[PDB]
Each structure stands twice: as structure tokens, then as C-alpha cells.
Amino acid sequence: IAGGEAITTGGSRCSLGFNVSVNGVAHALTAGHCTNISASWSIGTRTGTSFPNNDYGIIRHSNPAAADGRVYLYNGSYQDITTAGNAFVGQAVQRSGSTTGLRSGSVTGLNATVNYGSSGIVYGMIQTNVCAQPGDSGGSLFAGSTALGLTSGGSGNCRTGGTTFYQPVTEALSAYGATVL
């Protein structure tokens, strides 16, 4: 299973962000608002979660052979991931998620504060003009082989377009001592 593909718990669905390693042990990053739901996932057991304030969570794979260090492009191909980086305003980026597949756009702001109402407030989010829909959360924000973020939320949809916010992946990797595969 690669970045952008579906991960579920009971009737809930989110997307995998990036497969990573913690001291050689295969894990998967996704959104914290997703991991808050349950400890039991289709791919394994949750070992960390942080939402709101932040929006990241980590799951240890039941099957280490499934930790595919790529992003699925929804056209039968995958993008290889090799490093993690920080986004910059104007960067050309792509997002992969299980509801809308692959979409592209550019980073329009950094360190955005996002008020999700009853769900709470998140800080330090990457802002883009890429659309997303429910189910896309946790999926991959990347530029070529560089991982940048995890889909958190936004406004609009993929028909009318919208604004989306992402948790910077570097903060999630350092929270857990992980490295992208």
C-alpha cells in the first residue's frame, strides 16, 4: 500500500500519507484527526496521534512487506519518494488521496491557522489551491520524490475547486523519530 491509498477503521476512511521507518520498523503517517478515531486500522495498529493543534498520527504496519515507499498516482503508476522537505510559496505540488485521486496546484501560503469549529484549531499549516474532498485526509502532498505534507482539510471541492491545508511532514517525522522510505 502506497501514499494516497485508502486506510479504514470500521466505517471510516482516510488516506495513507507516507510509509516511514522508526528504527527499522515500518509505519505509516496519516492525519491525526483520522488516528484519533480508533487504534485499529486495516493496515495495523495506531502508535501515535496528535489532533488538533497538530494534524498527524502514525500506524505500525501489521505487514512490513506492505510499506511501499512511493505515492500512488491513480493512473496505474507511482511516484518514488526519497526525502522529506519543506514547502515554499509558489511551489508546484501534487496531492494524492482515496476520494479524488491525484490533483495538482501550487502552495499559496505557509503557517496558516485553520479553525475547524467544533473540531478545533490547527496551526502552522501549508496552504494550497489544490482541491480535496472528505476521505482525502492524511494523503500525500509531494513535489517529485520529495514528501512535503499530509492532507488535513479545506473548503470547496474538486468540481468548483477550493483551498486545502496540509500538516508539514517534517514535524510529524521528528515527533516520532521517523524517516521516509
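Start at 1 with the first residue shown and count on from there.
**Q** Mean C-alpha B factor from the entry: is it higher for 6 to 14 or for 21 to 29?
**A** Looking at the record's C-alpha B-factors, the answer is 6 to 14.
**Q** If you average the Cα B factors in the entry, which is higher, 141 to 149 or 128 to 136?
**A** Looking at the record's C-alpha B-factors, the answer is 128 to 136.
**Q** Highest Cα B-factor in the PDB entry belongs to which of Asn75, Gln91, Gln79, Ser96?
**A** Checking the PDB record, the top C-alpha B-factor among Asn75, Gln91, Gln79, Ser96 is at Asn75.
**Q** Take the CA temperature factors straight from the PDB entry and tell me which of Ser50, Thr45, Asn63, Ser155 peaks.
**A** The record points to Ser155.
**Q** Going by the CA temperature factor in the PDB record, which third of the chain does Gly57 belong to: lowest, middle or highest?
**A** Ranked within chain, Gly57 CA B lands in the lowest tercile.
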